[PDB]
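Take a look at the structure set out below.
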There are 2 protein chains.
Amino acid sequence: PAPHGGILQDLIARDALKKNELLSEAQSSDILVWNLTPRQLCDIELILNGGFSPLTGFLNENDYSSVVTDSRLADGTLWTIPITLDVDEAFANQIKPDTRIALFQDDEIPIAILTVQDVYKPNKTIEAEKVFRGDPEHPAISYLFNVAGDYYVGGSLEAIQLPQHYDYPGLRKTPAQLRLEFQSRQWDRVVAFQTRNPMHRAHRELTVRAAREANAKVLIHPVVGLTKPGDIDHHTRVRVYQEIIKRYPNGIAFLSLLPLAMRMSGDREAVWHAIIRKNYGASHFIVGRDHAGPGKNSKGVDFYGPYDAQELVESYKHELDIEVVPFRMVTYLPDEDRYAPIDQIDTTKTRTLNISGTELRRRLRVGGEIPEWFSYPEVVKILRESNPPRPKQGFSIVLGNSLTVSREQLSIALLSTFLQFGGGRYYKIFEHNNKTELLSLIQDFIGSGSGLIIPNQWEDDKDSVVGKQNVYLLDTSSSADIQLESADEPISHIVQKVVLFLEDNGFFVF
Amino acid sequence: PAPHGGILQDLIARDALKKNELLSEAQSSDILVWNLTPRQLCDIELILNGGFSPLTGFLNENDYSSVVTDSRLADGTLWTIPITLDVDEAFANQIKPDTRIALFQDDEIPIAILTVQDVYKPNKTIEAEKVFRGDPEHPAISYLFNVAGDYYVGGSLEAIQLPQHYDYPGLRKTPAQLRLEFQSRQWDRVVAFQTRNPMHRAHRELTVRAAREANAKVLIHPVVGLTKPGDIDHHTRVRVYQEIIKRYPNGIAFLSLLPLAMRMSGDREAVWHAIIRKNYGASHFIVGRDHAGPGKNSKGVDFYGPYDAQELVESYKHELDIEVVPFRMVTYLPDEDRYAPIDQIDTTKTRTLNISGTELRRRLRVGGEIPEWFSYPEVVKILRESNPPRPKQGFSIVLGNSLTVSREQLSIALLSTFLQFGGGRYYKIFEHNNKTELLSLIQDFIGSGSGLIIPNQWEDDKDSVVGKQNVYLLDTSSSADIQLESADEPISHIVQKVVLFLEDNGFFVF
Ligand SMILES: Nc1ncnc2c1ncn2[C@@H]1O[C@H](COP(=O)(O)OS(=O)(=O)O)[C@@H](O)[C@H]1O
Ligand SMILES: Nc1ncnc2c1ncn2[C@@H]1O[C@H](COP(=O)(O)OS(=O)(=O)O)[C@@H](O)[C@H]1O
Ligand SMILES: [O-][Cl+2]([O-])[O-]
Ligand SMILES: [O-][Cl+2]([O-])[O-]
Ligand SMILES: [Ca+2]
Ligand SMILES: [Ca+2]
Ligand SMILES: [Ca+2]
Ligand SMILES: [Ca+2]
Ligand SMILES: [Ca+2]
Ligand SMILES: [Ca+2]
Ligand SMILES: [Mg+2]
Ligand SMILES: [Mg+2]
Ligand code: NA
Ligand code: NA
Ligand code: NA
Ligand code: NA
Ligand code: NA
Ligand code: NA
Ligand code: NA
Ligand code: NA
Ligand code: NA
Ligand code: NA
Ligand code: NA
Ligand code: NA
């Protein structure tokens, strides 16, 4: 289909002969420089390559507010997610309209030149409520208030080069390249499948059914840009996709990585996704249950209805110009060994089965066996390998402030004790001295599977530098993960308490 | 490197705007038509896509004889394999210079328009001796005298479309497409590996070493056009390649199918291969032991020296304009579990190991276990599956002419007898009635694993319609595979003889 807006805005192609000139202006000591934030790098790449056609820069206030209140650009073009360049007051104050800024990656690689159209201070509450539905726990809203700059800079781009990536060089196909890919193959019907999770059996069936319904080839188009916090890293997912792609009949599917930065914005994002895939050459786009939805909030309520995206996408149907293949909860059928849309069964006459991602983590974290029917073995293997069960996980024991015994001796006692268990885990008494350069390493070790014995707490002003993950507090306090009887409880007693606690939580298995 | 001759002769690109017109001329009832032979289809495809740059048609006598006697085109361009359009006297007589011929595929798809330059009658003995070294058993020589036409038609081409392929649509990259592939990846150093056999451990190591030595990315560029008779089919090989490519570090290798029609011409072919790989975008080309060599003749002598190709390629080194990475016999080192070039070991101080393809077929045909060190398991699995051991192979027992017993009853006896063994093999008394439409099916069944009981021989004039493979003659004659005592030997006796013979050759296992 025609790219959204009618013209693929591949600015790398457009500005090619200006490459050298733009590069010189980018490195000239007079120009103002902004180092792109991670999410911005994702966005900037989708704007420069045509993925966000018709966009050609970051939204000015006029287009931005139109998108917030109208799900459309100022000119009426259907567009649901605001793409802006968020900066801080300091930087915002050094720019005026007509100014030209150099956009860098890693304060070293010049990406593009942005020509300023305006500098405004968005009402984050409105954006949060009109675009992401208001819940403070919604991922997009948390980013907007805790990570995003309080100033937006609308303006047009002139491309120097897409953001730098040293991984999967062959796979991050640009809209132009994908289209060429489909052509060399004479693929004129392609149904794209969005995703941010590893694909399991349900999804393989889901995508093949779509392939069959639409009479089209399959495009696994996963996000490797930025997804829901706590998601499986894209490296692991890529390995999973590459593995599962082999279970498709020869020549039916194509894999391409999309450096998109999701907002986990349910229905609106679904619309945005469809526009994006259309630019990339797809003729069909799947929209299953709770598409781009972040699940439930701490209170158990849904951020979006499991089918809000489908309804919204349906309502813009006549102007999306890319056919949407909707799917209802695809689930497992024990008695018949096969999956099927829940909309075409049940009646109690048929018994289903469904292993939610929740419980999926649970078995991964507990070395539990994951059903042959649920996911392919090679896939589960890759997953366990990246997310090991507790007996292979790292952790830390922090000797609480209330601790009266010799921290030096209690430390050694724990070390020598853990050491006798064996099991390949590396242990260390780790003294941080409140130096963030040391604190920031704590999660590295835990990530590496090591067990750390930390003799002292770190000041509360530093608590943010340390990832709470697998970090237990040994103390008399009620807020201690491992509660002691008294601050001066004898070492061997404290030791047994720590060991049995770790054993209870699966870190040790005898 | 620059394509050979300086200009990539991608005629599909060149003649694009003449597509419709050429197509009309091609299907006009007045034009003369030649249906391309299989090898010609391979050649025509490499000529139209630039693979044979600087060629732009089939060699006229002047260029042809220059290649035969000078390893160069008439203008001096280094070129070792003659590419000609061979036809029969009947067709040859209907054409003169300036004439335009339509070249079709399957007497249905028009491929190109050849403008005739000349029609000559090559002296096949000179070509055979100067180009392929003269031995009547050499694959290229045999083709030249038994399959090739006795007339060549020199002339220029105008492309309509590359020959049609329905398998591996994505993988048969053209020189233009490959180059783009390498670019999108920013690959400016690429060492290409030629091959017509499945790749085993030695090869994987051989190619990685070359990647390391040349500081270049790896291009597995296998031939799926036409190779040495009796080779493993390309479908099985492609499955093997796609499987083995996964053993390379992520993003170090790329796979592309080359529809080349080999001549198994040792050293000359190696030169030709290097020229072809250069056109396809490679900066380096591997030339190992006995490259493009057809082994030994029936008398046990070598068609080429194990390193003739290396020497020939070395002598044209300064004008190939593509760097050659030579390799000596790469072999296995038990005691150290690793492979290495034989040129950097031995001295008896080190013990090697080498499973020749010969003996490899042997185990494949005998269900023997193939060493973990020799090849990856997933690969052997694919091979066994395409080339099953005897107990899963088909066969035929032909009731000899000398037979005096009731052929009807002896047939039934063998059928009932084989039926009681079980083992998934399908059996059938097959009456051919000397009808080639039936005879031509004999090998289809054998290929399908079935056992055939044929009550009568076919007339000697038809013997050629039937593939000798797994076809045994039961007769009193000395030339019978299963020799009978007398023409009237009682059935149970003949039956035991046939059963034990088949058991002895592995078709039956109890
Ligand atoms: N069981 C299912 N039934 C229907 N659709 C599904 C199912 N599971 C996943 N999908 C769809 O698969 C696509 C990607 O799934 P996910 O990676 O879990 O999350 S998403 O944030 O990208 O939507 C979405 O269209 C989603 O709705
Ligand atoms: N053991 C080996 N040592 C060195 N080179 C080898 C070895 N085995 C295969 N090769 C090389 O691998 C390439 C392709 O091998 P093959 O498929 O068997 O045959 S060929 O006909 O394409 O040359 C050639 O360059 C060949 O010389
Ligand atoms: O399915 Cl993934 O959440 O593991
Ligand atoms: O290596 Cl092949 O001859 O099987
Ligand atoms: Ca703020
Ligand atoms: Ca719900
Ligand atoms: Ca006390
Ligand atoms: Ca002849
Ligand atoms: Ca020899
Ligand atoms: Ca007798
Ligand atoms: Mg990039
Ligand atoms: Mg073709
Ligand atoms: Na720096
Ligand atoms: Na409000
Ligand atoms: Na439709
Ligand atoms: Na709703
Ligand atoms: Na349209
Ligand atoms: Na417990
Ligand atoms: Na060159
Ligand atoms: Na026909
Ligand atoms: Na070199
Ligand atoms: Na020699
Ligand atoms: Na040169
Ligand atoms: Na024998």
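All residue names refer to the structure tokens as shown: chains lettered A, B, ... in order, residues numbered from 1 in each chain, ligands numbered from 1 in order.
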Please build the interface table for chain B against ligand 2 with a cut-off of 6 Å, listing for each qualifying residue the nearest atom pair and the distance in Å to one decimal; count only C-alpha atoms and all ligand atoms, order rows by chain and increasing number, and write it as a tab-separated table.
```
residue	atom	partner	partner_atom_place_in_ligand_line	distance
B:194	CA	ligand 2	14 (C)	5.0
B:195	CA	ligand 2	22 (O)	3.2
B:196	CA	ligand 2	17 (O)	3.9
B:197	CA	ligand 2	17 (O)	4.1
B:286	CA	ligand 2	25 (O)	5.4
B:287	CA	ligand 2	25 (O)	3.9
B:288	CA	ligand 2	27 (O)	3.1
B:289	CA	ligand 2	27 (O)	3.8
B:290	CA	ligand 2	27 (O)	5.0
B:291	CA	ligand 2	23 (O)	3.6
B:292	CA	ligand 2	21 (O)	3.6
B:293	CA	ligand 2	21 (O)	5.8
B:327	CA	ligand 2	4 (C)	5.0
B:328	CA	ligand 2	4 (C)	4.9
B:329	CA	ligand 2	3 (N)	3.5
B:330	CA	ligand 2	3 (N)	3.7
B:331	CA	ligand 2	1 (N)	5.7
```
Kindly provide, as a list in words, the residues of chain B having any atom no farther than 7 Å from an atom of chain A, counting only C-alpha atoms.
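The complete set of qualifying residues is residues 168, 169, 170, 185 and 251 of chain B.
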Run DSSP on the backbone and give me the residues of stretch 135-279 of chain B it puts in helix (DSSP H, G or I), as a ChimeraX atom specification.
/B:139-146,175-184,201-214,234-247,266-279
What does the list of residues within 7 Å of ligand 6 look like if you count only C-alpha atoms and all ligand atoms, written as JSON, numbers by chain?
{"A": [302, 305, 306]}
Those same residues - C-alpha atoms - I'd like them written as a PDB file, in the first residue's frame.
```
ATOM      1  CA  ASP A 302      -7.142  -3.258  33.048  1.00  0.00           C
ATOM      2  CA  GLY A 305     -10.204  -3.477  27.412  1.00  0.00           C
ATOM      3  CA  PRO A 306      -8.833  -6.699  25.849  1.00  0.00           C
TER       4      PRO A 306
END
```
Using only C-alpha atoms and all ligand atoms, what are the residues with an atom within 9 Å of ligand 13, set out as a ChimeraX atom specification?
/A:106-108
Determine, counting only C-alpha atoms, which protein, DNA and RNA residues have an atom within 12 Å of an atom of residue B:408; residues of the same chain fewer than 3 positions away are not included. Present the result as a PyMOL selection string.
chain B and resi 399+403-405+411-415+429-431+453-456+491
10 Å contact set for residue A:265, only C-alpha atoms, chain neighbours under 6 positions out, as a PDB file with N, CA and C atoms, in the first residue's frame:
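Resulting contents of around14.pdb:
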```pdb
ATOM      1  N   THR A  80      -2.024   8.801  15.926  1.00  0.00           N
ATOM      2  CA  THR A  80      -2.349   8.729  17.350  1.00  0.00           C
ATOM      3  C   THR A  80      -1.306   8.908  18.452  1.00  0.00           C
ATOM      4  N   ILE A  81      -0.017   8.801  18.142  1.00  0.00           N
ATOM      5  CA  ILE A  81       1.012   8.918  19.177  1.00  0.00           C
ATOM      6  C   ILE A  81       1.877  10.150  18.919  1.00  0.00           C
ATOM      7  N   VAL A 131      -3.930  10.938  25.852  1.00  0.00           N
ATOM      8  CA  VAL A 131      -3.208   9.962  25.050  1.00  0.00           C
ATOM      9  C   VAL A 131      -3.020   8.596  25.719  1.00  0.00           C
ATOM     10  N   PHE A 132      -2.708   8.580  27.014  1.00  0.00           N
ATOM     11  CA  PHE A 132      -2.454   7.305  27.662  1.00  0.00           C
ATOM     12  C   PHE A 132      -3.468   6.828  28.702  1.00  0.00           C
ATOM     13  N   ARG A 133      -4.582   7.553  28.788  1.00  0.00           N
ATOM     14  CA  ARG A 133      -5.686   7.238  29.702  1.00  0.00           C
ATOM     15  C   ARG A 133      -5.526   7.618  31.184  1.00  0.00           C
ATOM     16  N   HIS A 138       0.645   3.615  34.237  1.00  0.00           N
ATOM     17  CA  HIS A 138       0.823   3.336  32.825  1.00  0.00           C
ATOM     18  C   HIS A 138       2.281   3.657  32.439  1.00  0.00           C
ATOM     19  N   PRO A 139       2.982   2.718  31.767  1.00  0.00           N
ATOM     20  CA  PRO A 139       4.374   2.940  31.371  1.00  0.00           C
ATOM     21  C   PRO A 139       4.654   4.273  30.660  1.00  0.00           C
ATOM     22  N   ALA A 140       3.814   4.624  29.696  1.00  0.00           N
ATOM     23  CA  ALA A 140       4.031   5.861  28.968  1.00  0.00           C
ATOM     24  C   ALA A 140       3.930   7.099  29.867  1.00  0.00           C
ATOM     25  N   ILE A 141       3.001   7.068  30.816  1.00  0.00           N
ATOM     26  CA  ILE A 141       2.794   8.190  31.728  1.00  0.00           C
ATOM     27  C   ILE A 141       3.932   8.336  32.727  1.00  0.00           C
ATOM     28  N   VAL A 271      -3.267   1.615  16.326  1.00  0.00           N
ATOM     29  CA  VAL A 271      -3.500   2.431  15.140  1.00  0.00           C
ATOM     30  C   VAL A 271      -2.163   2.872  14.580  1.00  0.00           C
ATOM     31  N   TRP A 272      -1.313   3.352  15.477  1.00  0.00           N
ATOM     32  CA  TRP A 272       0.021   3.803  15.135  1.00  0.00           C
ATOM     33  C   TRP A 272       0.805   2.663  14.498  1.00  0.00           C
ATOM     34  N   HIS A 291      -3.763  -5.722  22.373  1.00  0.00           N
ATOM     35  CA  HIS A 291      -2.640  -5.301  21.529  1.00  0.00           C
ATOM     36  C   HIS A 291      -2.015  -4.046  22.106  1.00  0.00           C
ATOM     37  N   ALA A 292      -0.705  -4.101  22.329  1.00  0.00           N
ATOM     38  CA  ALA A 292       0.061  -2.985  22.878  1.00  0.00           C
ATOM     39  C   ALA A 292      -0.421  -2.557  24.256  1.00  0.00           C
ATOM     40  N   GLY A 293      -1.099  -3.474  24.954  1.00  0.00           N
ATOM     41  CA  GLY A 293      -1.621  -3.196  26.281  1.00  0.00           C
ATOM     42  C   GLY A 293      -0.664  -3.549  27.404  1.00  0.00           C
ATOM     43  N   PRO A 294      -0.580  -2.721  28.444  1.00  0.00           N
ATOM     44  CA  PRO A 294       0.348  -3.070  29.522  1.00  0.00           C
ATOM     45  C   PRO A 294      -0.258  -3.888  30.660  1.00  0.00           C
ATOM     46  N   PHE A 303      -5.640  -1.667  31.955  1.00  0.00           N
ATOM     47  CA  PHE A 303      -5.294  -0.353  31.409  1.00  0.00           C
ATOM     48  C   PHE A 303      -6.203  -0.115  30.180  1.00  0.00           C
ATOM     49  N   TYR A 304      -6.453  -1.179  29.408  1.00  0.00           N
ATOM     50  CA  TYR A 304      -7.335  -1.136  28.235  1.00  0.00           C
ATOM     51  C   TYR A 304      -8.208  -2.382  28.226  1.00  0.00           C
ATOM     52  N   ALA A 309      -8.287  -1.967  21.274  1.00  0.00           N
ATOM     53  CA  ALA A 309      -7.467  -1.717  20.098  1.00  0.00           C
ATOM     54  C   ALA A 309      -8.192  -2.156  18.849  1.00  0.00           C
TER      55      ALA A 309
END
```
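Inside stretch 275-456 of chain A, the residues DSSP reads as strand (DSSP E) when given the backbone are residues 284, 285, 286, 287, 323, 324, 325, 326, 330, 331, 332, 333, 338, 339, 340, 341, 395, 396, 397, 398, 399, 427, 428, 429, 451, 452, 453 and 454 of chain A.
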Mind listing the residues within 10 Å of ligand 24, only C-alpha atoms and all ligand atoms counted, as a ChimeraX atom specification?
/B:500-506
Residue contacts of residue B:218 (12 Å, only C-alpha atoms) excluding same-chain residues fewer than 2 positions away, as a count of residues only
39
Counting only C-alpha atoms and all ligand atoms, which residues of chain A sit at most 8 Å from some atom of ligand 3, and what is each one's closest atom pair with its distance in Å to one decimal, listed by chain and rising residue number, as a Markdown table?
```
| residue | atom | partner | partner_atom_place_in_ligand_line | distance |
| --- | --- | --- | --- | --- |
| A:197 | CA | ligand 3 | 2 (Cl) | 5.1 |
| A:198 | CA | ligand 3 | 2 (Cl) | 5.2 |
| A:199 | CA | ligand 3 | 1 (O) | 6.8 |
| A:200 | CA | ligand 3 | 1 (O) | 7.0 |
| A:231 | CA | ligand 3 | 3 (O) | 7.0 |
| A:232 | CA | ligand 3 | 4 (O) | 6.8 |
| A:356 | CA | ligand 3 | 1 (O) | 7.8 |
| A:357 | CA | ligand 3 | 3 (O) | 4.6 |
| A:358 | CA | ligand 3 | 3 (O) | 7.3 |
| A:360 | CA | ligand 3 | 4 (O) | 6.0 |
| A:361 | CA | ligand 3 | 4 (O) | 6.3 |
| A:383 | CA | ligand 3 | 4 (O) | 7.2 |
```
